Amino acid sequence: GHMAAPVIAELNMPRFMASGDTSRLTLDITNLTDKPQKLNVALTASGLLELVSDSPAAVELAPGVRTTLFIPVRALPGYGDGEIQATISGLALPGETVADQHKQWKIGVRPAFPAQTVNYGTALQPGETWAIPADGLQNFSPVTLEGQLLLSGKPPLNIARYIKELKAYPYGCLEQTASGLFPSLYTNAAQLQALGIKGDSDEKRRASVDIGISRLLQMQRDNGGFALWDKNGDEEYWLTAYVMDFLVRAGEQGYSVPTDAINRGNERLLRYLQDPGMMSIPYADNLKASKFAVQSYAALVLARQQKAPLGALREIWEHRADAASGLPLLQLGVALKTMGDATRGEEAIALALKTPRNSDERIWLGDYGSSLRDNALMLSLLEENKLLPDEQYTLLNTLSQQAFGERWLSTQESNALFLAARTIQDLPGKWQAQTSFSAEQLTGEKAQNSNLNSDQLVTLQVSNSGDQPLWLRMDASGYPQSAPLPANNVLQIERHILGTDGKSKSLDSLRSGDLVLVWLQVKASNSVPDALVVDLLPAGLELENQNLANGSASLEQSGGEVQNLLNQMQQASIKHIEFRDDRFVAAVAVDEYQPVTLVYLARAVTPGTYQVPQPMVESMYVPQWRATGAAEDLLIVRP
């Protein structure tokens, strides 16, 4: 070991970078030997990172000295990882000691601006042609642009879309975890590959369900019911039925679920039928309709287990007028029929398809639903229980036509649609098409989903070269090159950067170690009980893990301007708060007459030139209600 020359090499870098950012990294090299060291530092970068300058020549380091190398880096377009490598090798004379150090540093690259989609769909009569709009994809970077074309003989659903959307969802609320676990339950490596989806192996897929089932139980309240963000939170009755539906259906496939977890959950579902009075659904405009949605879903989950008492099912049925959607009437109809009351069961199923959901989104039912969600969930219940086949074709045609065009879908709607597409995946329907990306005519006996690269999409043209109507769906998703125009619908959001004192602070000419106070202001023209505030951080800004609603600040000495902002955040209905590497997340119940204030501390850390993401707010289960605020073009951090 006498020929060794230990060297300490530490890289100072951002927690993450955004696609297009440039950062000035520092490689601190220390010589803790008793003799000088001549070093050759070879720098390389892989993944979505690139070195701006060249690798440096020799490094002369005397004993005890720490030097710094300035390494300008650039983040390449896309989503994934970036890595920087250093191979330090000492250049020494015959009897002298040698340096030999290998180090690698990985940072996540995430684009500054969220993913945008384009969704088209049409029926082409024999001989008719469809071409993608030329304007349609003007905004996307070609590196990130990927599309999927679905062709069918009958009205379809793109299961590839819903699968990709549930897998991409980043937040860990109870409903979002269950929704995201349903595809990993009913799909397989073979099914996934035939759709063009590249996922994990069946063993790893089953291992993902086991870790999921445990995460859902981390949310089970001491009484047996489940809460949306924390075990300590309020009981979510309809979500307890939802989780119980999933937990029961996983056991049916062969996943182990602790018996005490199931027994306590079933005990709640039974309490919901026999005692609806104890249910407190506070943001619900119509209480009778919300309580009915719960009892009906609890009735269906209990009946699949042969645990629903007929007496309770018969009493819920006496109150069928309370229903504000056809989905709870259908769920109760399936329960009554499963429990032996086919008479009352047939009546509830008939009535279910005759009653629509109120098209006014401002009426909160607390069932995470919509017209879309309910129509999908009802198509699956009818098919699975082989009820009304004549009505299934009208419901599928309606659902097919109303689903495809929606820019934003809740997790609940994506799952509802995934389960309805799984229902019709192997549906006979002959089709012939001539496309722009293939010389040989395309044909099929069922819906065939083909993947397309950015080149194939720009010029995409599909012609029905058959004798029967053909259906097409075209879903593309990429990242925009530049920030889109700020927009808002029902919600509104604005971000102001302040100094720790309380005055305004210009994002350009910010120094490393500078502490800033980020003020988020949210208004809504309607009450939005399920609003999620996501504020993506610019790289170079690092989140101080401090909940300012509690009052925990680096300074309590400063007041007047800052003091009232903290007092305002103290008045907010915060449901959940998260301080991540690359974002500040807060789930907040917005009231129309009470504008929401959120504040968080950030520190400018790594010098560079960074893209500033726009602040966004969205209703999690009415996602047409959303806003994206204005942001400065760049954040410059100086040494």
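All residue numbers refer to positions in the sequence shown, first residue = 1.
Stretches 582-590 and 40-48 differ in mean C-alpha B factor, with the higher average recorded for 40-48. Looking at 117-125 and 510-518 together, the entry lists the larger mean B-factor for 510-518, computed on C-alpha atoms. For the set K430, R495, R473, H319, the maximum C-alpha B-factor listed in the entry falls on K430. Residue-level inspection of the entry shows that, of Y169, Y186, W238, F418, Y186 has the top Cα B-factor.
Among the modelled residues of its chain, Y283 has a C-alpha B-factor that falls in the middle third according to the deposited record.
Looking at the C-alpha B-factors along this chain, the one for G333 belongs to the middle third. The deposited CA B-factor of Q611 belongs to the lowest third of values across its chain. When the modelled residues of the chain are ordered by C-alpha B-factor, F404 sits in the lowest third.
In the deposited entry, the Cα temperature factor of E347 sits in the top third of values across the chain's modelled residues.
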